[PDB]
Amino acid sequence: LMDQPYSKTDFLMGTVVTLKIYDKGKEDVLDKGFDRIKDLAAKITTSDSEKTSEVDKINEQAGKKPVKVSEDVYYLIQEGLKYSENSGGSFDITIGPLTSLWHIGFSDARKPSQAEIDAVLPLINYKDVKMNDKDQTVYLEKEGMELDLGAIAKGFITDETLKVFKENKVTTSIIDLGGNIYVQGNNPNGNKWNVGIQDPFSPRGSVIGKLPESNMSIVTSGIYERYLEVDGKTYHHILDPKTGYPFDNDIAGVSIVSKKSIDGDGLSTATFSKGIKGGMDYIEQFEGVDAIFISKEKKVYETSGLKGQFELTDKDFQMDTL
Ligand SMILES: Cc1cc2nc3c(=O)[nH]c(=O)nc-3n(C[C@H](O)[C@H](O)[C@H](O)COP(=O)(O)OP(=O)(O)OC[C@H]3O[C@@H](n4cnc5c(N)ncnc54)[C@H](O)[C@@H]3O)c2cc1C
Ligand SMILES: [Mg+2]
Ligand SMILES: [Mg+2]
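At position 247 of the sequence shown (counting the first as 1) the number is 270 in the numbering used here, and the numbers step up by one without a gap.
Structural data, given as structure tokens:
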């Protein structure tokens with residue numbers, strides 16, 4: 024193990040992505056990881072105007088014909104439908120027509136008319152995604168439907184990047200997709216990795232404390248990173264499929280701790296829709312998954328499996344219990 028790692032930084036999927044590898048003689052695995060990230064991003068994205076991704080092709084043929092997909096895309100949609108059903112529909116990967124309408128976080132973000140919202144709300148239904156295992160096809164049964172895998176894609180890509188690392192016998196690494204972090208092994212000095220818990224009121228990178236972890240994923244969601252401000256009001260990017268407007272409760276941010284990044288990524292939307300106390304109860308039903316909640320009043324809460332582990336450092340915030 025090296026003290027100073029091999030590291031590479033790129034700007035993919037609209038954010039800074041950094042990979043670090045501490046195993047001596049594994050520098051070329053950095054390129055293998057970024058190759059895998061770019062491969063999956065091109066299959067999943069709906070934000071490339073000059074190319075038609077696999078998800079784009081599914082959306083173009085909604086209500087027309089099933090679309091052949093690769094194993095990566097078939098699996099991601101498979102899991103997205105599982106998180107959608109488990110959420111009761113609060114999380115729904117068919118929210119595509121609504122999230123494309125607002126386009127929150129992009130240069131052309133817009134608050135749509137109520138008539139525009141009412142036109143896309145009947146299109147959101149995860150049960151209308153028809154899957155054929157033998158043909159490996161995905162079919163949107165209704166015209167106008169659109170998939171949006173943005174809430175689970177980074178977790179899946181993070182897991183697949185770790186798979187490339189493990190296949191190359193990498194033992195000590197840090198995968199940072201911006202809001203999706205996986206720490207592999209321990210610090211070369213023997214300590215657990217001190218993972219920073221994002222400050223939801225400050226730009227990405229600023230933290231309110233540290234969580235020691237090893238071989239674990241930490242995924243972050245918040246309201247102040249991607250939002251649109253019009254006429255005094257702000258609208259964050261986590262939208263309610265039943266109303267067409269953002270989920271507005273007492274959560275400012277939440278960090279979900281899990282063995283697999285797709286699980287923490289996929290559980291975030293349903294957890295977010297339930298507020299602080301309801302979201303904590305939701306996380307307590309998943310063994311091996313825990314979370315740190317941060318209120319709009321700067322109160323910090325730990326689920327049962329994380330009690331006493333989080334090291335709060337920002338004095339603007341206070342630890343609180345239920
Ligand atoms: C493959 C890919 C390519 C991208 N390319 C670009 C790019 O070129 N330019 C750019 O500016 N951004 C791009 N992005 C978006 C960028 O990565 C965002 O910062 C990020 O996707 C926001 O998600 P999050 O993980 O930070 O938060 P999360 O909470 O994990 O994800 C929130 C996202 O999930 C979706 N969502 C919202 N409400 C719901 C709901 N109720 N149910 C289900 N899903 C919901 C929306 O897409 C929302 O943005 C891309 C994203 C992906 C996955
Ligand atoms: Mg995410
Ligand atoms: Mg997520």
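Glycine included, C-beta positions come from ideal geometry on N, C-alpha and C.
ask   = Mind pulling the alpha helix (DSSP H) runs of 4 or more residues that sit fully within the stretch 264-339?
value = 284-289, 291-296 and 298-306
query = Grouping DSSP H, G and I as helix and E and B as strand, with all else coil, what is residue 242?
reply = strand
ask   = Under a three-way DSSP split, which group does residue 236 fall into?
value = Here residue 236 carries a strand assignment [DSSP, helix/strand/coil].
ask   = Counting along the chain, where does the beta strand (DSSP E) carrying residue 155 start and finish?
value = It spans 152-155 - the beta strand (DSSP E) in which residue 155 sits, taken as one unbroken run.
task = Check whether the Cβ of residue 174 lies closer than 6 Å to any heavy atom of ligand 3, and answer yes or no.
result = The closest heavy atom of ligand 3 lies less than 6 Å from the beta carbon of residue 174.
task = Might you give, ordered along the chain, the residues of its own chain that have their beta carbon closer than 8 Å to the beta carbon of residue 345, omitting 5 neighbours on each side?
result = 300, 303 and 324
ask   = Among 262, 76 and 239, which residue has its Cα nearest to the Cα of residue 250?
value = The shortest C-alpha separation from residue 250 is found at 262.
message = So residue 199 and residue 40 are supposed to be a Cβ contact under 8 Å. How far apart are they, rounded?
response = Their Cβ separation, rounded to whole angstroms, is 7 Å, which keeps residue 199 and residue 40 in contact under 8 Å.
request  = Would you kindly check if the distance between the Cβ of residue 315 and the Cβ of residue 333 is under 7 Å?
outcome  = yes
key: Span of the beta strand (DSSP E) around residue 160   = 160-163
query = Can you give, in chain order, each stretch of the alpha helix (DSSP H) that sits fully within the stretch 46-97 and has at least 4 residues?
reply = 52-67 and 77-83
message = Would the stretch 44-64 count as touching the stretch 232-251 if we require 3 or more Cβ pairs under 8 Å?
response = no
query = Just to check, is the beta-carbon of residue 284 closer than 6 Å to a non-hydrogen atom of ligand 3?
reply = no
task = Taking only the alpha-carbon atoms, compute the straight-line gap between residue 297 and residue 175 and give it to the nearest angstrom.
result = 18 Å
query = Where do the ends of the alpha helix (DSSP H) carrying residue 199 lie?
reply = It is not in any alpha helix (DSSP H) - residue 199 instead sits in the beta strand (DSSP E) that spans 196-199.
inquiry  = For residue 106, list the residues DSSP reports as bridge partners.
reply    = Answer by DSSP bridge pairing: none, since residue 106 is not bridged.
key: 8 Å Cβ shell around residue 336 - same chain, five flanking residues per side excluded   = 230, 231, 232 and 233
query = Since residue 257 sits in a beta bridge, which residues does DSSP pair it with?
reply = 252
query = Can you list, in chain order, the residues of its chain whose CB lies under 8 Å from that of residue 191, leaving out five sequence neighbours each side?
reply = 49, 52 and 55
ask   = Taking C-beta to C-beta, are residue 275 and residue 223 nearer than 7 Å?
value = Yes, the Cβ-Cβ distance between residue 275 and residue 223 is below 7 Å.
key: residue 27 versus residue 220: straight-line alpha-carbon distance, rounded   = 23 Å
request  = Decide yes or no for the touch test of the stretch 128-144 against the stretch 182-190: beta carbon pairs closer than 8 Å, at least 3 of them.
outcome  = Output reads no: the stretch 182-190 does not touch the stretch 128-144.
task = Would you kindly report the start and end of the unbroken beta strand (DSSP E) that includes residue 193?
result = That residue, residue 193, is in no beta strand (DSSP E); it is neither H nor E in DSSP.
query = Alpha carbon to alpha carbon, what distance is there between residue 80 and residue 94?
reply = 15 Å
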